[PDB]
Amino acid sequence: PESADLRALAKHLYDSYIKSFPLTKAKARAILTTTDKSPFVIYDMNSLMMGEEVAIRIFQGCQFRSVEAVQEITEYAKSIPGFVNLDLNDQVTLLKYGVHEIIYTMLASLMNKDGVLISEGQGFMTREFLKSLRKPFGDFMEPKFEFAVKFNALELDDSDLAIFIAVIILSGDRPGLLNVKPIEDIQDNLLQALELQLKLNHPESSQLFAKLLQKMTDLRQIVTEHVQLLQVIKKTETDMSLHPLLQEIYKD
Amino acid sequence: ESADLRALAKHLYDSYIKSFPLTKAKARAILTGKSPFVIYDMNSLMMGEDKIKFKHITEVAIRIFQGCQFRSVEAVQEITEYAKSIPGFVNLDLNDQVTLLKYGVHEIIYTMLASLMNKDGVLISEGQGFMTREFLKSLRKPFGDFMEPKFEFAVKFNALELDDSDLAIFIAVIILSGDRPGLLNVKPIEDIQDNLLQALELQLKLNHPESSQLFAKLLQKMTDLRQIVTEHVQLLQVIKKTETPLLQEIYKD
Ligand SMILES: CC[C@H](NC(=O)c1ccc2c(ccn2S(=O)(=O)c2cccc3ccccc23)c1)c1ccccc1
């Protein structure tokens, strides 16, 4: 039926997602669970030193990946049908507020309860090593880990994720949007696509669609705690700097 | 099974009716016209206190806040009784029942508060009154900023045009959240909620067939509710930091 259109939309978004994100969840899980693709593990200072201030070295590295990620997400967004046709100011707005939610959603795919893949999967940084950086740097990663642990339990694959993150981008409740309605119509179509996708890809997973949507609460709260941490760093490390792209994303 | 979900929908509606005296259908009749005393300024407030029987009258802003808390306490008892009607709820671990209510009553209170609101104000005292939104945000800081976010929420929420039969099932879903901190047996909670969510989905499709993804949009509101509740405590604490005994006990939250 029009189901066909919805499948086509799912298929389109999956395709674009692979084109946009060079480290998929499927690649990630395969690394986490071979010989040619095993990661070097950083769990302390010497492992770090052999892998290549320390907490600032790590934070800066985290910044660069963050900037790279926003770049990927921007490319993916433009593939979402209708997105580029929206008012430019709104495109920018949608990007600014969607970027964190997508970054942490996808970061889950790179995480297990013990650590997180880095440097395209070549490296693996342990939760405890990150939990042991000087305050409050030692505390930026725990809520992401906790979220990922619950989120990974949903057992979503890349094809699921492609649609879900498209749904996130097209959030008409973002502050300062000029034309809510066209955004909401793209999102309605994306939601229907997502719903169908979940029903077909996880036909035993009861009300998975609802549980996925419910996980927006946790995402929201994570973003909030993160900006608070950024505000402390601002005043303590005045020698330090946020990347301009990241600056603009946190302005309001 | 599709008949069973409607059985559940109907049971929850009947219970909701027995538990919540002032329903949305009732409130909306009163807001549109078919008649309440209005509070739009300081003079009208005073006249309202000697017209409408207020049960909390024991600054001005403080008096209004205390009344809002009297009501909330009342609502907690209504929500509690309603939750007992939710199939499976009583059969849950007693500590878990207590936890679901404790973390759930606030989201539900704001949910139902929206049934009593429009862009211009809110029904009070069982619909005998109506306090204007302008008169609320005319109150001194921090008090002028406490109902505004509720109003913004309600406007958004009320646009979904839910009725009481819809809301009954939505509220039950909220109570049966398996992510409340400190639960001991999450399984039967999520189980019940799954059943409630199937019920809700079927309810909305049969009662709002023209609204394609109403289910999803309602689910998105649940996160809005958590944001509201989270933000509300951040003000509530500082209110215990402006208010300076048995009474404090009665309203310990
Ligand atoms: C968009 C927000 C952004 N980034 C994050 O909040 C964040 C944190 C850890 C991340 C990512 C993306 C990957 N990881 S990671 O756990 O794999 C990671 C943690 C620590 C150092 C890393 C260094 C390089 C690559 C990944 C790293 C984003 C941000 C904002 C301000 C400052 C720093 C970072």
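Side-chain atoms are counted along with the backbone in the values below, which use heavy atoms only and exclude waters and symmetry mates. We name chains A, B, ... by the order of the sequence lines, and we start the count at 1 in each one.
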Practice prompt. With the side chain counted from C-beta on, respond yes when B:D93 and B:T99 share a heavy-atom pair under 4.5 Å apart, and no when they do not.
Written response: no
Item to complete: Output yes when B:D14 and B:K18 qualify as a salt bridge under the 4.0 Å nitrogen-oxygen rule, no when they do not.
Response: no
Worksheet item: How about B:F130 and B:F37: are their ring centroids closer than 6.0 Å?
Response: no
Worksheet item: Are A:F59 and A:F137 near enough that their ring centres are under 6.0 Å apart?
Response: yes
Worksheet entry | B:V173 backbone acceptor or donor facing B:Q193 side chain under 3.5 Å | yes
Fill in: Side-chain ion pair, B:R180 and B:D96, N-O less than 4.0 Å
no
Discussion item. Please check: side-chain N/O of A:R127 versus main-chain N/O of A:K113, any donor-acceptor pairing under 3.5 Å?
Written reply: yes
Worksheet item: On the ring face of A:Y104, is A:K144 found with NZ or CZ under 6.0 Å from the centre and within 45° of the axis?
Response: yes
Discussion item. Under a 3.5 Å distance rule, please check whether A:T224 uses its side chain to pair with a backbone N or O of A:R220 as donor and acceptor.
Written reply: yes
Worksheet item: Do B:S85 and B:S15 meet the criterion of a side-chain donor-acceptor pair at a distance under 3.5 Å?
Response: yes
Discussion item. If you count heavy atoms of other groups shown closer than 6.0 angstrom to CD of B:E134, is the number above 12?
Written reply: no
Discussion item. For the CD atom on A:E204, are there more than 12 heavy atoms of other groups (residues, nucleotides or ligands in this structure) within a distance under 6.0 Å?
Written reply: no
Fill in: Neighbour count >12 (heavy atoms, 6.0 Å) for atom NZ, A:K199
yes
Worksheet item: Side chains of B:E243 and B:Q248: do they bring a donor and an acceptor to under 3.5 Å?
Response: yes
Worksheet entry | Flag for A:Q192-B:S212: side-chain donor and acceptor within less than 3.5 Å | no
Worksheet item: Is a donor on one side and an acceptor on the other found under 3.5 Å between the side chain of B:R28 and the backbone of B:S115?
Response: yes
Worksheet item: Is the closest basic N to carboxylate O distance between B:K221 and A:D173 below 4.0 Å?
Response: no
Worksheet item: Just checking, is any N or O donor in the side chain of B:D164 or B:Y13 under 3.5 Å from an acceptor N or O on the other one?
Response: no
Discussion item. Can you give me the closest heavy-atom contact between A:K25 and A:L161, atom names plus distance?
Written reply: CD-CD1, 4.0 Å
Worksheet entry | Carboxylate-amine/guanidinium proximity below 4.0 Å for B:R6 and B:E201 | no
Discussion item. Test your reading of the model: is there a side-chain donor-acceptor pair from B:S125 to the backbone of B:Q128, 3.5 Å cut-off?
Written reply: no
Discussion item. Can you give me the closest heavy-atom contact between B:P87 and B:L8, atom names plus distance?
Written reply: CG-CD1, 3.8 Å
Worksheet item: Do other residues, nucleotides or ligands put more than 12 heavy atoms under 6.0 Å from the CG atom of B:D145?
Response: no
Worksheet item: Are side-chain N/O atoms of B:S19 and B:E78 paired as donor and acceptor at under 3.5 Å?
Response: no
Item to complete: Indicate whether any N or O donor in one side chain lies under 3.5 Å from an N or O acceptor in the other, for B:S44 and B:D41.
Response: yes
Discussion item. We want to know whether B:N118 and B:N158 form a side-chain donor-acceptor pair, criterion being a heavy-atom distance below 3.5 angstrom.
Written reply: no
Item to complete: Using atom types as modelled and distance alone, determine if a side-chain donor or acceptor of B:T58 lies under 3.5 Å from a backbone N or O of B:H56.
Response: yes
Fill in: Donor-acceptor pair between B:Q234 and B:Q237 side chains, under 3.5 angstrom
yes
Worksheet entry | Under 3.5 Å donor-acceptor, B:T244 side chain and B:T242 backbone | yes
Worksheet item: Do A:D160 and A:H202 get their side chains close enough for a donor-acceptor pair, meaning under 3.5 Å?
Response: yes
Practice prompt. Return the minimal non-hydrogen interatomic distance between B:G178 and B:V186, and the atom names on each side.
Written response: O-CG1, 3.6 Å
Practice prompt. Measure the spacing between CD of B:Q97 and CG of B:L183 and express it to the nearest 0.5 Å.
Written response: 11.5 Å
Worksheet item: Do the side-chain N and O atoms of A:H226 and A:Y250 include a donor-acceptor pair separated by under 3.5 angstrom?
Response: yes
